[PDB]
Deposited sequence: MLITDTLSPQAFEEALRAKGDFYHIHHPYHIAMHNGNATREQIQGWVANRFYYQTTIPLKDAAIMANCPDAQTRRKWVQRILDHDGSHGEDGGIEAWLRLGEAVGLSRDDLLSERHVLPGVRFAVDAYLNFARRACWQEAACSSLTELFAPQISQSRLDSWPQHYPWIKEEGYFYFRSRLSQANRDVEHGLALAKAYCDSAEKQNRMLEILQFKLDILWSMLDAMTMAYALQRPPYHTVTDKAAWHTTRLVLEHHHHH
C-alpha cells in the first residue's frame, strides 16, 4: 500500500486475507471430511481449548491498555461470553467429554503441545504490549469463521450438541480498523498484524499435524511419553 486506501478498499484488503484462513490447513480439512483419527480429534479439542482459555486473558489485556470507558463496556462483553456470568469455555468442556476426554484433562492443560502454547501465548503477549486499537483489530479473523455425527458416531451426541447450542462483536473490530487505519502506514501494519494472527492459527494446526498426524510429537526419538512443559510459567 503506497496511497492510503479508502475505508471500503481497506475492507477488501482485510478480507483478501481470509484467503489464508486456517480452514485451508490439511488438518482442518481431514477433520471436516471424516478422515481424522480419534487421537487427532481429541488432540484438536485439547489444544484448541488452550486457545479458548487464553482469549479472555487476551481480551482483559486489551482492556488494561484501553483508557476509553465506552470501548471497555463493549469489549468486556467478550469476557462475559467466554467465562459465562454458562459461558463459551463450558461449551468447550462438554465437547471434550463428547470426544472422550474429561474436564481435568482439558483443565489441566497437559495435552497442550508446546508449539500450540507458543503460538497462543504470542497472541496474549501481543495484546499485552500492543496499543489497544491494534490488539482489538487482531480479533477480526472471526469474520472468516462461519457434520461430525455422520463422520464420527463415537463422539457423544449429548455433549456435542451442547457445544453447538451454546455457541449462540465483530461489528466492532472491523468498524474500528477502518476507523483507526486512515493512512497507508496504519493499513500496511494492520494487514501484517492480521497476517500474524493467521500464522498463529496455522501454527497451532502445524503443531497438531506433527504430533498426531505424523507421529513426531516433541522428543519422539527419546521417549514414547509426553515430556514437554505443562505450565504457564509467568502466570502460575
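Trainee: Where does the structure fail to cover the deposited sequence at the C-alpha level?
Mentor: Coordinates drop out over 1 to 2, 88 to 90, 152 to 159, 182 to 185, 254 to 258.
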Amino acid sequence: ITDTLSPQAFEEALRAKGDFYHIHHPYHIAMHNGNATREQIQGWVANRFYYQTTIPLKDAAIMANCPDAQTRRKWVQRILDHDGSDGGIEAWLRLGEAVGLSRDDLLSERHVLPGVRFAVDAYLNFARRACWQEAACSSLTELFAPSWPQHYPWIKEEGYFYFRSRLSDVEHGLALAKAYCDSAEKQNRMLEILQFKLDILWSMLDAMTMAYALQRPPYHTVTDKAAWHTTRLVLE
From here on, numbers count along this sequence of modelled residues.
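Trainee: Read off the CA B-factors in the entry, average them over 111 to 119 and over 157 to 165, and name the higher stretch.
Mentor: In the deposited entry, the stretch with the higher C-alpha B-factor mean is 157 to 165.
Trainee: Could you check the entry and say whether 69 to 77 or 148 to 156 has the higher mean CA B-factor?
Mentor: Looking at the recorded C-alpha B-factors, 148 to 156 comes out higher on average.
Trainee: Of the options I62, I200, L176, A211, which has the highest CA B factor as deposited?
Mentor: Comparing C-alpha B-factors across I62, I200, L176, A211, the maximum falls on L176.
Trainee: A184's Cα B-factor: lowest, middle or highest third of the chain?
Mentor: Answer is highest: the recorded C-alpha B-factor places it there.
Trainee: Taking the values exactly as deposited, rank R103 by C-alpha B-factor within its chain and report the matching third: lowest, middle or highest.
Mentor: CA B-factor rank for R103: highest third.
Trainee: Report the third (lowest, middle or highest) to which the CA temperature factor of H82 belongs, ranking only the modelled residues of the same chain.
Mentor: As the PDB entry reports it, the C-alpha B-factor of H82 lands in the highest third of its chain.
Trainee: Report the third (lowest, middle or highest) to which the CA temperature factor of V45 belongs, ranking only the modelled residues of the same chain.
Mentor: Answer is lowest: the recorded C-alpha B-factor places it there.
Trainee: Could you say whether, by C-alpha temperature factor, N33 belongs to the lowest, middle or highest third of its chain?
Mentor: Top third by C-alpha B-factor.
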